[PDB]
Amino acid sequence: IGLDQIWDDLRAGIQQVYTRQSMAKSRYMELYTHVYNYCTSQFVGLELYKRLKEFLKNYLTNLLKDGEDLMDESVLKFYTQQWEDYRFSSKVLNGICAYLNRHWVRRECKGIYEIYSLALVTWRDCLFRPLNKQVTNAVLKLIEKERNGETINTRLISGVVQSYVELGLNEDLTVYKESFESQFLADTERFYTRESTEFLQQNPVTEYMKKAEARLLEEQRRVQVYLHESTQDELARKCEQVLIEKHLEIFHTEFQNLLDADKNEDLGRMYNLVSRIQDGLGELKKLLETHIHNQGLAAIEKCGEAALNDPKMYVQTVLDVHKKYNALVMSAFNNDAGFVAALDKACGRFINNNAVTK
């Protein structure tokens, strides 16, 4: 053939293509061909492959310099941006080079293997140590304007997630998970610990829960909007612990308050917030049960001394209380068997040992 007249002709196109001066289809084929012609003369693939590899290696290794030291706003723009711009030309490199993928590589049954994969693989001399940490902290900062934050970095964050995933490895959901979901989650776990408690100092429990219930939905939404989905259950797991159980003690305490007042609406989103934590209800259930037990109690007393001498008023007094709380069981505690139980137990813990009897 002539490579000293052929390769360069193609290095240029591989270059041109990695800059999108938008080449006319007059070139795609012209290029593709070069390859096709090369790998036809069962090796005839190696060299070309060895050469391409460097082309990527260099270009990345000599464009990291444009990125290293980059800011956490400025850096994302840089990575995300360079990413799109890349995986794109990366792919279009495939076809111009596809002929090489299907035979020549096919014979490998080591390192040397596919191409689009390579591009990605090689970009992993632009993630592992370079921007990685860096790029993720960037993301972390932004996501942290989880405070009154600004709206578009979405592209900035999701952009990272993109490459962290498909970078997924490939060699021979980990990276994105090792590199990102690990820290992200971590940082998230602290953000809400500082917030939750500080909050519960100057505000109602039952004002907290609204802030509690809010963030869970909130972070649910963010996973959908721009983080990879695999990162949902867990985040829910983490934030839940943090915003509903750790505080599971103030709740246990406040609970008894509502029950005394009749703040159902509150009482209710509690049976909803706790519910989200493993067997964390045990107390509310035993707690509630103690309540209506005492309630049906004071209730029947407020009537009998010489008032038990009234058949109906009594059976009445009872049933009423029963109604209020059965009423609250369905509504407030979602007819959870656990509370109905507390309801029953407590009723059977008063209908039979009172001032009408003793």
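Start at 1 and count along the sequence shown; that's the residue number.
Can you count, per the entry, how many deposited residues between residue 172 and residue 173 come without coordinates? Answer none, 1 to 3, 4 to 9, or 10 or more.
According to the record, 4 to 9 deposited residues lack coordinates from residue 172 to residue 173.
Interresidue gap class [residue 217, residue 218; deposited sequence, unmodelled]:
Unmodelled stretch: none, continuous chain.
When the Cα temperature factors in the entry are averaged, is it 272-280 or 177-185 that ends up higher?
According to the entry, 272-280 carries the higher average C-alpha B-factor.
On average, are the C-alpha B-factors higher in 333-341 or in 346-354?
Averaged over C-alpha atoms, the B-factors run higher in 346-354.
Have a look at 298, 70, 292, 60 and flag the one whose Cα has the highest B-factor in the entry.
Among 298, 70, 292, 60, the highest C-alpha B-factor in the entry belongs to 298.
Residue, from 139, 200, 105, 119, that the PDB entry assigns the highest Cα B-factor:
The listed residue with the largest C-alpha B-factor is 105.
Which third, lowest, middle or highest, does the C-alpha temperature factor of residue 52 belong to within its own chain?
Ranked within chain, residue 52 CA B lands in the middle tercile.
Quick check on the deposited entry: does the C-alpha B-factor of residue 113 sit in the lowest, middle or highest third of its chain?
Highest third - that is where residue 113 ends up once the chain's C-alpha B-factors are sorted.
Chain thirds of CA B-factor: placement of residue 312
Its C-alpha B-factor, which the entry lists for residue 312, ranks in the middle third among residues of this chain.
Would you mind checking where the Cα B-factor of residue 286 ranks among the modelled residues of its chain, as the lowest, middle or highest third?
Highest third.
Would you check the entry's CA temperature factor for residue 251 and let me know if it's in the chain's lowest, middle or highest third?
Within its chain, residue 251 is a middle-third residue by C-alpha B-factor, going by the deposited values.
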